[PDB]
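Working notes for the structure below.
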Amino acid sequence: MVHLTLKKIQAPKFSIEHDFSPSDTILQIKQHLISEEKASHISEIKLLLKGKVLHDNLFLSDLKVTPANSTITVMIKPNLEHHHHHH
């Protein structure tokens with residue numbers, strides 16, 4: 001039911017999708033993007049639903065992301081410190 005397609009149009013940009021149960025939190029989704037190295041920290045990930053700023057630990061039962069509004073804008077900016085990238 002609670003279907004969230006996280007489209008990242010920031011840097012280096014990408015498009016992902018996730019499915020979680022309503023009692024899960026934005027923070028868990030964030031921790032997930034961290035754990036899959038798609039981001040640095042929970043807050044460095046901005047999840048927006050219909051232009052609405054979702055908070056770090058917002059519960060999905062309060063969001064109620066309907067399949068009809070499943071398009072999520074995810075603004076993530078990873079730690080581009082250029083250590084491994086710079087040789």
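Following the order of the structure tokens, chains are lettered A, B, ..., residues in each are numbered from 1, and ligands are numbered from 1.
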
Practice task
Find the residues around residue 77 in chain A up to 10 Å (only C-alpha atoms counted), leave out those fewer than 5 positions away in its own chain, and share them as a PyMOL selection string.
Solution key: chain A and resi 8-13+38-41+43-46

Problem - Sel. of alpha helix (DSSP H) residues, chain A, as a ChimeraX atom specification - result: /A:26-35,60-63

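When only C-alpha atoms are used to measure the gap to residue 61 in chain A, the shortest distance among A:5, A:28, A:23, A:15 belongs to A:23.
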
Exercise for the section: Record the distance separating CA of residue 18 in chain A and CA of residue 2 in chain A, expressed in Å with one decimal. Expected result: 9.3 Å

Practice task
Write down as a PyMOL selection string the residues belonging to chain A that are assigned strand (DSSP E or B) by DSSP computed on the backbone.
Solution key: chain A and resi 3-8+14-15+18-19+25+45-49+52-53+59+71-76

Handout entry: Contact residues around residue 7 in chain A with only C-alpha atoms at 8 Å, ignoring same-chain residues under 3 positions, as a PyMOL selection string
Key = chain A and resi 14-17+71-74

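Across the model, the gap from CA of residue 37 in chain A to CA of residue 79 in chain A is 10.5 Å.
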
Handout entry: Nearest to residue 21 in chain A by atom-to-atom distance, counting only C-alpha atoms, from A:47, A:66, A:6, A:76
Key = A:66
